[PDB]
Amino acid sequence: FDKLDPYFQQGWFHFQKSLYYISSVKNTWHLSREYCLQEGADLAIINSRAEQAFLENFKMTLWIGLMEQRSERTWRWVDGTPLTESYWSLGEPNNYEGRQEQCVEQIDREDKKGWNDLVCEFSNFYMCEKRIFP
């Protein structure tokens, strides 16, 4: 907890044993992830309903750390764990209009909230997560 002060000074904040960072620029999924990795973190991994509610309450469209396995329409978190519990928004994931949508955003729009597969080269604000406590 004394260890958290330099993170707070950089604008990270603490929820349920992880530190989180919300970007102030948008970027592609891969470059977003590169920022998080450079900070010793990764894109956010949603492990519980409470964490999804925390994510949603920022009212912000955000890249998160979930990516398709090639074109198989199966999904894996950035730490290598397989997708189990999911929070896809209505009608997602869908490879919209036949385009390859391999990366996952939390979408925040009126009538439409939750995860969406999106073209990875599109840009979004992004959320990093770093596990601190065991």
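All residue numbers refer to positions in the sequence shown, first residue = 1.
Taking the mean C-alpha B-factor of each stretch as recorded, 90-98 and 59-67 are not equal, and the higher mean is that of 90-98. Here the stretch with the larger average CA B-factor, out of 105-113 and 37-45, is 105-113. For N124, the recorded CA temperature factor ranks within the lowest third of the chain's modelled residues. Annotation for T84: C-alpha temperature factor in the highest third relative to the rest of the modelled chain, per the entry.
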